[PDB]
């Protein structure tokens, strides 16, 4: 269990009261967006958190540079295979944790992000279950 706090993920914005709409249950447990491996959606297909896939909502965006430090908060630091970062659904960078336990505060540096409005999907793959955690971040790169 864990989520991306900076730049804030969709679930982080719900939990921080930064959205102008009610997100429902996700606002109380941003760490819990768990679903089977292999998805490329913001909820991972976890039906309890389908609001995270709704692009019609006025999701806030964060202004960032083309190289950015991204920070996770993990409440339960499961042994991890990879952290995968997608930009608009296409794989951009992978970090290999080698099946080890990560720190509960973890920062990764993404580079060469395209300019303009994009959605980054961070997929955290757990090495000893069939689940991943899914975090979308809406950003404007300049």
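Positions refer to the first chain, counted from 1.
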query: Average Cα temperature factor in the PDB entry - higher stretch of 43 to 51, 93 to 101; finding: 43 to 51
query: Residue range whose averaged C-alpha B-factor is higher in the record, 5 to 13 or 20 to 28; finding: 20 to 28
query: Residue of maximum C-alpha B factor among 61, 109, 81, 66, per deposited coordinates; finding: 61
query: CA B-factor placement of residue 113, once the chain's modelled residues are sorted into thirds; finding: middle
query: Ranked C-alpha temperature factor of residue 76 among modelled chain residues, by third; finding: highest
query: Residue 128 by Cα B-factor - lowest, middle or highest third of the modelled chain; finding: highest
